[PDB]
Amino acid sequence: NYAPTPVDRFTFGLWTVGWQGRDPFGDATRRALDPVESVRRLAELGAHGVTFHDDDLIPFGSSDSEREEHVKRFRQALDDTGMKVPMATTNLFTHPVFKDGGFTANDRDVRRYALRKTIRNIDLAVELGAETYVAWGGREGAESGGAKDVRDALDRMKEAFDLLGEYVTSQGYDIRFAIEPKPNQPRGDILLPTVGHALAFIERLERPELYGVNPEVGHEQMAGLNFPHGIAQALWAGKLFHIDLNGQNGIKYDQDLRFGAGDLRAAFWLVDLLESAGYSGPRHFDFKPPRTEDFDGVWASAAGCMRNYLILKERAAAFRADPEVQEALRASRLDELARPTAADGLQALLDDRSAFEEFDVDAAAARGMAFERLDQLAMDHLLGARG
């Protein structure tokens, strides 16, 4: 039951199942995986595709001949399995040169290098068929207040993204960009810390249509925010270009648990939203099998990501299709929320005594919302306990 197929568009980063287990306090617990191994194993589990940072696929500093051989082997694995590559990204965070940032490093020479590193990888992403290019500015930020003038840093970040937009336009590429917010870690505070801040920034770019967001479940939850609500705002703005699925237990370091772990009810409401809205992008997992696991546990954890999505999809669909739930949604006036407040227009509203002088505020205030019954129907559906 709940068996994933490529149809479900489940994707995984090479760095997810390939995470060797090094953490702030501990050495690696697993050997490095050849990307070819990961592609073949993920395909066997029913994944649709993989994603990569440049330096996951091509060791940093590789010669041109080494780069070609790494890409050739990877493409053979994709061809052997039918796996796709819908998204790629640049590693602008691991190498010590990026310790103060890539695009917003105080040192101008580093900013220029970061752009050139990204541009090289955009070319590769396009050659592999990627539709989306993600940017996670994990080093953009500060541990202290004097270190980073945020207005200047935002100017530099806009300049960088505008140059990348000029680049893809000039080459005729169809790829689009997706900015991944995170509030903190590894920097004390990271620039563009939430979906909202990223959406706001995009509106000030020269070609805003080329940019959207790549929200990650656990990153919004590291600020204690409601991930489904933030996804709703991204959808409302037309900017949900990609998504990163995982789990998180609240306000902690970025745990990258398998999807469904962490906040299970938020996972339910997320799947309900994505499916109801008809989100058509990859269901991408940015997770880490815990370092306690051997490789059998790696593949079990990856399989669990997909399984949990499919269980939640079934339960959310049953919730929405249940005539008792539909009645409860009407009892709670969800239908009214979807109707305009004043399609009659401003003057008619100002002239409408039913909206002020003759509005019976105490009668209105007496009406219960019936939200608790609705929520218990949702709980019963999630748990398969209807009756």
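Quick note: we count residues from 1 along the sequence shown, nothing fancier.
Of the two segments examined, 78 to 86 and 309 to 317, it is 78 to 86 that shows the higher average Cα temperature factor in the deposited entry. If you average the C-alpha B-factors over 323 to 331 and over 337 to 345, the higher value belongs to 337 to 345. Across the options 244, 166, 152, 100, the residue with the most elevated CA B-factor in the record is 166. Per the PDB entry, 73 shows the highest C-alpha temperature factor of the residues 284, 197, 158, 73. Among all modelled residues in this chain, the alpha-carbon of residue 173 has a temperature factor (C-alpha) in the highest third. Per the deposited record, the Cα B-factor of residue 278 falls in the highest third when ranked against the other modelled residues of its chain.
In this PDB entry, the Cα temperature factor of residue 126 sits in the top third of its chain's modelled residues, the highest group. Remark: residue 208 belongs to the highest third of its chain, ranked by C-alpha B-factor as recorded.
Remark: residue 382 belongs to the lowest third of its chain, ranked by C-alpha B-factor as recorded.
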